[PDB]
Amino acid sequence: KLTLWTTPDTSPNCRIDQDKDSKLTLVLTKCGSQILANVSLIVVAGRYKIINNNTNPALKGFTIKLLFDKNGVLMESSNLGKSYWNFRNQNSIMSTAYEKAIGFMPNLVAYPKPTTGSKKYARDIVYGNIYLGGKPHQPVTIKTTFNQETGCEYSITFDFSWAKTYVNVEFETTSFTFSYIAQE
């Protein structure tokens, strides 16, 4: 169907450091040649759950990677658990594994895989801000990069970073919308 998502409940589905330490809520809606993407993050456990830059002054970011094979199937090496990622069915997911989602993959001409000696253009990046706890003075950068991972046919990489000293701040975010050019 036209929506590939994580069920948007708060049940953990993602490993940043350890199994099920986070809930990535990602919704990809196919509008023909463009994927409309909506993303938020809740860290439920482990070193990123509560940021304390007094205790850890160098703790300033982390990465969640979605790696896809040539059929647009999520690879086990992804931070997002494979069992949680599927076409929408009501407020859940299809009960059976999808076989193909190439129509949701980032376009390889728009966003080529990195090669040695190739001119690397920034158009495979989208920057956004999201806010911890919905507080306007707790921005974090969410940088989304398309097809820059090795060992896959396609990738969506979320780099989360911050440039303020956050003390005892739960890492759970507002939402950000972006789009990207679809492979087909």
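Just count from 1 along the sequence shown to find any residue number.
**Student:** If you average the CA temperature factors as listed in the entry, which stretch comes out higher, 18-26 or 172-180?
**Tutor:** It is 18-26.
**Student:** If you average the CA temperature factors over each stretch, which comes out higher, 113-121 or 42-50?
**Tutor:** So the stretch with the higher mean C-alpha B-factor is 113-121.
**Student:** Among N86, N79, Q90, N107, which residue carries the highest C-alpha B-factor recorded in the PDB entry?
**Tutor:** Result of the comparison over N86, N79, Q90, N107: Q90.
**Student:** Have a look at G151, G133, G61, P139 and flag the one whose Cα has the highest B-factor in the entry.
**Tutor:** Highest C-alpha B-factor among the listed residues goes to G151.
**Student:** Sorting by Cα B-factor within the chain, modelled residues only, which third would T55 end up in: lowest, middle or highest?
**Tutor:** As the PDB entry reports it, the C-alpha B-factor of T55 lands in the highest third of its chain.
**Student:** Would you please rank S33 by its C-alpha temperature factor against the other modelled residues of its chain and give the third it falls in: lowest, middle or highest?
**Tutor:** For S33, whose C-alpha B-factor we compare with every modelled residue in the chain, the answer is the highest third.
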